[PDB]
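Model the structure of this input:
(one chain, ligands or ions: 10)
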Amino acid sequence: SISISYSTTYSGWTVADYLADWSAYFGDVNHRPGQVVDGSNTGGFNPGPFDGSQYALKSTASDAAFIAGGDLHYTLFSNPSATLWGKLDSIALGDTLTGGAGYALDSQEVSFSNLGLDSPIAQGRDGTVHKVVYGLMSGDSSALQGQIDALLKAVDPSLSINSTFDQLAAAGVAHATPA
Ligand code: HEM
Ligand SMILES: [Zn+2]
Ligand SMILES: [Zn+2]
Ligand SMILES: [Zn+2]
Ligand SMILES: [Zn+2]
Ligand SMILES: [Zn+2]
Ligand SMILES: [Zn+2]
Ligand SMILES: [Zn+2]
Ligand SMILES: [Zn+2]
Ligand SMILES: [Zn+2]
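Numbering: from 1, shown residues only. Ligands and ions are numbered 1, 2, ... in the order given. Below you will find the coordinate block:
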């Protein structure tokens with residue numbers, strides 16, 4: 001079942017409000033045709049170069065960053081091209097990316113783990129893993145939100161992305177860490 005870690009700063013926040021805030025502050029890195037710049041808005045894999053247990057990306061607007069964890073593969077130019085696929089077990093959100101091939105966030109705000117998301121290569125860019133991560137890269141947490149909402153309801157059908165982190169802690173899903 002999904003497990004969430006949150007800084008006590010966010011106890012009274014809803015998951016949706018947190019995600020919409022973080023995504024707006026991270027912004028859109030403009031990873032799209034004609035706009036990809038190696039070393040600026042590609043992010044990186046650990047161990048990489050195009051596969052690993054982590055994919056991490058820093059904002060180009062702010063100090064926000066995220067780390068996706070699991071078993072992740074990027075097809076680059078191979079068919080189906082520009083597809084991230086594999087198993088997505090976790091998403092960590094916060095600021096100030098450190099490390100590398102592991103990555104960590106200096107300020108880890110919220111992490112969602114045991115996501116259990118998996119997308120085979122055959123689904124291409126329509127895979128859930130691709131859509132969740134590419135959404136974050138593009139300033140849009142909607143895909144992530146939809147997956148979190150379904151996972152929460154699978155544990156306890158009255159929970160949702162409009163639950164506060166404290167409500168999720170009372171339901172046994174979330175765990176606070178010191179600010
Ligand atoms: C090491 C990391 C990455 C590198 C070096 C990389 C490189 C590139 C390059 C060079 C392009 C431009 C290709 C073109 O438009 O012809 C591109 C486009 C794209 N990338 Fe990435 N990328 C990386 C990570 C990712 C990740 C993690 C995702 C998804 C979660 C992704 C999704 C896309 C998408 C959807 C496009 C547009 C594809 C198209 O329109 O043909 N990329 N990438
Ligand atoms: Zn955009
Ligand atoms: Zn192209
Ligand atoms: Zn694999
Ligand atoms: Zn493998
Ligand atoms: Zn922050
Ligand atoms: Zn599957
Ligand atoms: Zn219930
Ligand atoms: Zn109930
Ligand atoms: Zn706990």
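
give me the beta-bridge partners of residue 73?
The partner list for residue 73 in beta bridges (DSSP bridges) reads residue 51, residue 85.

so it sits right up against residue 53, yeah?
No - counting by C-beta atoms under 8 Å, residue 73 does not reach residue 53; the two are 10.9 Å apart. C-beta coordinates here come from the backbone N, C-alpha and C atoms, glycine included.

Can you show me the helices along the chain?
15-26, 128-137, 142-155, 165-170 (DSSP state H).

So which bits of this protein are right by ligand 8?
Taking C-beta under 5 Å from the ion as the criterion, the chain approaches ligand 8 at residues 156, 158.

Can you tell me the closest non-neighbouring residue to the most centrally placed residue in the chain?
Nearest residue to the geometric centre of the chain (C-alpha atoms, centre = their mean): residue 91, 3.6 Å. Using C-beta to C-beta, 6 or more residues apart in numbering and skipping the chain neighbours, the partner closest in space to residue 91 is residue 112 (5.0 Å).

For stretch 169-179, list every residue counted as buried.
169, 173, 174, 176 (16 or more other C-beta atoms under 10 Å).

how about stretch 117-131: buried residues?
Buried residues in stretch 117-131 (16+ other C-beta under 10 Å): 117, 119, 124, 127, 128, 129, 130, 131.

The closest residue in space to residue 47 that isn't next to it in sequence - how many residues pack around it?
If the residues on either side of it in the chain are set aside, residue 47 comes closest to residue 101, at 4.6 Å by C-beta to C-beta, 6+ apart. Residues lying near residue 101 (other C-beta atoms under 10 Å) number 14.

Number of residues surrounding the residue in the chain that ligand 2 sits nearest to?
Residue of the chain nearest ligand 2, by C-beta to the ion: residue 28 (4.2 Å). Neighbourhood size, residue 28 [other C-beta under 10 Å]: 17.

Ok, residue 1 next?
When neighbours are counted by other C-beta under 10 Å, residue 1 comes out with 11.

how about the spatially closest residue to it that is not a sequence neighbour, what does it touch?
In space, residue 1 comes closest to residue 155 once its chain neighbours are excluded; the distance is 5.0 Å by C-beta to C-beta, 6+ apart. Contact partners of residue 155, counting by C-beta atoms under 8 Å, 6 or more residues apart in numbering, are 1, 2, 171, 172, 173.

Tell me how far the fourth one lies from residue 46.
This points to residue 172. Applying C-beta to C-beta, to the nearest Å, the value for residue 172 to residue 46 is 31 Å.

cool, residue 117 as well?
Using C-beta to C-beta, residue 117 is found at 19 Å from residue 46.

what does residue 93 give?
From residue 93 to residue 46 the distance is 17 Å (C-beta to C-beta).
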